[PDB]
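Take a look at the structure set out below.
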Amino acid sequence: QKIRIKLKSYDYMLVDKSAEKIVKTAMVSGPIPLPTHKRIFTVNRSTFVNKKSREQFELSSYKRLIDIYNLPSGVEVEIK
Amino acid sequence: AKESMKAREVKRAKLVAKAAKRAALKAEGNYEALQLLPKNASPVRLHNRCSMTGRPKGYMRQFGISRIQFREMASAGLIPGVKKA
Amino acid sequence: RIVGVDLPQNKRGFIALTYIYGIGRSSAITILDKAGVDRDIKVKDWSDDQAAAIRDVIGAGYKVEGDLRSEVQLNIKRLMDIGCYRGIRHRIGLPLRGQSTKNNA
Amino acid sequence: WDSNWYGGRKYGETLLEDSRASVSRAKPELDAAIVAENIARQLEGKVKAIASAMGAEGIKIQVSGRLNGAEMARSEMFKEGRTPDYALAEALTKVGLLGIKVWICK
Amino acid sequence: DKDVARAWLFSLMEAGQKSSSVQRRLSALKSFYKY
Amino acid sequence: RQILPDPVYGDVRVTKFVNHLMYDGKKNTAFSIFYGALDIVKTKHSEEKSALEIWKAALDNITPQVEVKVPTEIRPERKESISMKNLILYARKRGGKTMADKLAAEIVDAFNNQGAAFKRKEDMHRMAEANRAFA
Amino acid sequence: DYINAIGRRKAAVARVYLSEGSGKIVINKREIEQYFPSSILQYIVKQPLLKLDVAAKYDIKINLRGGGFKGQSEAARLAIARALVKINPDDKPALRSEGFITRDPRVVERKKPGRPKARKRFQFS
Amino acid sequence: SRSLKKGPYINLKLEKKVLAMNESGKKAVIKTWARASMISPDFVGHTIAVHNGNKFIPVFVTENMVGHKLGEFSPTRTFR
RNA sequence: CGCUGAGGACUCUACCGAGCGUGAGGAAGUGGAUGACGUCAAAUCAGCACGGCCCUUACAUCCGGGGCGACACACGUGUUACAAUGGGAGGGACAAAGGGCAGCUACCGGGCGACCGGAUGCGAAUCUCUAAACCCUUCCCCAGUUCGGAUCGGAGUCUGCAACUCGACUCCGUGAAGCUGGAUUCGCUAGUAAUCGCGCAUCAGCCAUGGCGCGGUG
RNA sequence: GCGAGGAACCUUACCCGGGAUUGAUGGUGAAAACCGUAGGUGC
Ligand SMILES: [K+]
């Protein structure tokens, strides 16, 4: 009758703080850090014709897993 | 811009949503019956535009805006999670 | 010699059969396999029976040589005289498979 | 970020909804935005805020062209302090748009 | 205009007789490039 | 940069020659060409010598001495590089069935003291001796 | 017993387990001559043993993942050199004299925007 | 070409007009904009004025035209 | 399988090159981002705003069919080739990043194939999409060829209401110019050039040989 | 191989015509639509 908790967010400090709060709040396995999912967006710097000059933006998703035996905005939970 | 284009897009979306008969005909053969439907009811006439400026090019499905609008909000810190590399 | 065509006598079957108008590499391989002749045999090494088998497979199918030439000419004449878009493109000498001119022939 | 909600792979609708006075999902002097909007409103009603900010370490106030109704466009720096919060405001005067960019380093 | 002349020779003048003022400028450039 | 010993002979000159010979990063192909060429060399001039010794003697024969920048001395590294490049280039230019055969023919000719690479070296020597006054 | 070591080269990773024996080098549950059917690759892998004269004295089990054949062979060579150093610390100067223990950090450069490749540029004209 | 499982694509209204003319037995000219409609054996013997963008090019359908689209006989571009 | 339990791999925390030079011992900087003040009345009123001016029986607005894809030609940027360091046939081996809900599809059955029909798992470190250059054996033996694959004919498969103008892919047939290219001209300096394949954005489908990334050999 | 990182219709601004304002079943029709039961991608 174990419980699986999956936490996703876009700020690593936020995920770590939320996981620590959930752990502190009588047998819970350590938070397993799943591989981070990163996306890169390349956009044109200029609104008109300048193809060479480009800007790069990043969006990261951090995932933690909690196995329990025996919420700040921006964090999605998958309690099951 | 050209608000008539946005009105056209909204009308096309409404006509496409108003769907089940087309799905049933496609599941069957019934191509002669599919010929009878209005052309604006077909989903191929739906074109993705920026949700605020109506720009028909440089679309981004993840955020629903053009590249220029995306760059503006990413620099302004309005899209959560997105940061400059 | 085979269908009125003299083949290269020193070439393998699966290559030398492509010298007939109407047979390529794929058709040559298929013809040899259906006739039961190994494809890596030189033309000069074909037995009389094997040559007969190849000729009989060429017949009854595989419109080749003068028949194919006449068929292609008839198709082109019909296309031109029907006065379709492709017909006028062939009559005037321009690409008709969607290719764009002003840059290439 | 001015928006705080997890919206992975589904940002669009929520972004559109979020887009749809001294104003700065589950001390007006040292505030950049209020300074810029106050300057813009004063310019509508017809820069030297640099002294008002300066316990600010530094403050820069750039004002764009079409100044004072002149035909040409001119940009001025109005640097002060030891500049090494950024706000942008737009004023709709009788001759067009004026851009006021305020940098404040505290 | 712009002469090919291996290395470029570009000039531009704005007037009603640009086709002649540009030629004057380019004559100056060609003489200076002679030696 | 570091140079790996040759797998067969344990030499760096062999690896450098293969590096000059290689196209588009196909070092296995270049090695196969070189080893094959050595095989025809040893099968043809079979000479009270070795297979690699003939190749080394050919490189030494077609190496140049001075180079007109006015004539001046040549560094050993540039000497070796230009010798290898000349051998490979004239082997490519000359006719033949396979690259291994062409290279073997050119190596044998260079050892036997005549060939296009030797003609190039002799011409460079003549052009060098032409300007002895300005030196 | 077992001596553990790891080598890395480009995208290749080699984990080497070394033990007493004679000559069995087994890669991914395959013989060395069957996994690397090239004299150059076999020589690259078995280089440090031939340098230190330790060949015909060990069994090696190798787990390779990632990269191509040359990267994998170089990673295996590095892992074997590190394992030999762990087994006997007095052979470190001999292995350093050939560079078998230096980690080569060369990796594929990222492609840059506005360019066809990492450094190659478009034809300006 | 068109998949054989869907059959041929023929404009239903235009075909209905053609069969109505066939049943009547009269002769006239049928004005159409259906350039993509395939020519069927029922079309033979009639005159169909096909739109090309700014005029109606008249086509007299013969047996060799069966299987061709109506737009192949009404060119849209003028060159000289 | 029970387990691994930290040898890798994941994330998150702490670190590590210290010099007139050399030097030993030790694993031993590069790429990108950020551009003070000046210049081009440089580019964008068709991304978005915005002063002025000009349109209301029309420069506003809905629809169908055309066009943006035409070709005497010229210029620019690329992709294939002109072959032996190569082209076919058969077999063996090695990646990384990234994508996936009407989507990727295990596994069966049909078709030469593009694909189709049942069925399974997966909103996914769990289930799926991912190699080629390379190696081995063999043929072609210097030819406009077993090089090249443009053009054209036929038959199909998908998407879509619809593939004529004007789609992609598949299977037959046909098989052109091209024998390494003058004056001139461009890029790059190490995991780089060169070469090989893989993935993504937009996207019903796709003219994707373009753009943005990844690894292999080097 | 620049806006364009997806022009068959749509996109689409351009052209030719068919309409409409000045902001439930039938018949006809290519559709829009018809008949009965502010805005401007204009300067
Ligand atoms: K579309």
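Side-chain atoms are counted along with the backbone in the values below, which use heavy atoms only and exclude waters and symmetry mates. Residue numbers begin at 1 in each chain, while the letters A, B, ... track the order of the sequences.
- One can place CG of G:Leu78 at 13 Å from P of I:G8, the figure rounded to the nearest angstrom.
- Of the nucleotides present, none pairs with J:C9 by Watson-Crick or G-U wobble criteria with both distances under 3.5 Å.
- Rounded to the nearest Å, the gap between the P atom of I:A131 and that of I:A95 is 12 Å.
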Could you go through nucleotides 22-31 of chain J and list every protein N or O atom that sits under 3.5 Å from one of its N or O atoms, giving the distance for each pair?
unit_1 : atom_1 : unit_2  : atom_2 : d
J:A31  : OP1    : H:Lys13 : NZ     : 3.2

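- I:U159 and I:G7 are not base-paired: they meet neither the Watson-Crick nor the G-U wobble geometry with both distances under 3.5 Å.
- Here I:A49 is not matched with I:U57 as a Watson-Crick or G-U wobble partner, both contacts being required under 3.5 Å.
- Rounded to an integer number of Å, the gap from A:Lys63 NZ to I:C12 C1' is 15 Å.
- I:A97 and I:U77 are spaced 36 Å apart, taking the P atom of each and rounding to whole Å.
- A Watson-Crick or G-U wobble pair joins I:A168 and I:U157, with the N1-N3 or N1-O2 distance and the second distance both under 3.5 Å.
- With P as the reference atom, J:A31 and I:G64 are 10 Å apart, rounded to whole Å.
- Using cut-offs of 30° and 60° for the angle between ring planes, the H:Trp33 and H:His51 rings count as tilted.
- A Watson-Crick or G-U wobble pair links I:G86 with I:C140, both defining distances under 3.5 Å.
- Protein atom CD1 of G:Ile6 is 12 Å distant from nucleotide atom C1' of I:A6, rounded to whole Å.
- Here I:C169 is matched with I:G156 as a Watson-Crick or G-U wobble partner, both contacts being under 3.5 Å.
- For the atom pair C:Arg12 CZ and C:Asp38 CG, the distance stands at 9.5 Å (nearest 0.5 Å).
- Between the CG atom of F:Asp101 and the P atom of I:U85 there is a distance of 9 Å, rounded to whole Å.
- One N or O on the side chain of H:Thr32 and one on the backbone of H:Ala34 form a donor-acceptor pair closer than 3.5 Å.
- Across the P atoms, I:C158 and J:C10 are found 27 Å apart, a figure rounded to whole Å.
- As judged by a 4.0 angstrom heavy-atom cut-off over every strand, B:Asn40 is placed among residues touching the sugar-phosphate backbone only.
- For NZ of B:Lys6, the number of neighbouring non-hydrogen atoms (other residues, nucleotides, ligands) closer than 6.0 Å is greater than 12.
- One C1' atom belongs to I:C196, the other to I:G218, and the distance between them is 11 Å to the nearest Å.
- Checking I:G199 for Watson-Crick or G-U wobble geometry (two distances, each under 3.5 Å) identifies I:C212 as its partner.
- G:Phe69 and G:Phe36 have their aromatic ring centers separated by at least 6.0 angstrom.
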Query raised in the report: Yes or no on side-chain contact (heavy atoms from CB on, under 4.5 Å) for A:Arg64 and A:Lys8, after CA distance, side-chain angles and deciding distance?
Result: CA-CA 7 Å; A:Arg64 297 288 174 282; A:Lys8 286 173 118 159; over 6 Å; no
Could you go through nucleotides 39-43 of chain J and list every protein N or O atom that sits under 3.5 Å from one of its N or O atoms, giving the distance for each pair?
unit_1 : atom_1 : unit_2 : atom_2 : d
J:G40  : OP1    : B:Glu3 : N      : 3.4

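- Here I:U34 does not sit opposite I:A183 as a base pair, Watson-Crick or G-U wobble, with both distances under 3.5 Å.
- Here I:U145 is the nucleotide among I:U165, I:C48, I:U145 with the atom lying nearest to any side-chain atom of C:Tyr19.
- Between I:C186 and I:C142, the two P atoms lie 43 Å apart (nearest whole Å).
- Distance noted for atom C1' between J:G6 and I:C68: 16 Å (whole Å).
- I:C122 sits 30 Å from I:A93 when the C1' atoms are compared, rounded to a whole Å.
- The distance between atom NZ of G:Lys10 and atom P of I:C196, rounded to the nearest whole Å, is 17 Å.
- At a threshold of 4.0 angstrom between heavy atoms, the contacts of H:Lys5 are confined to the sugar-phosphate backbone, with no base atom among them.
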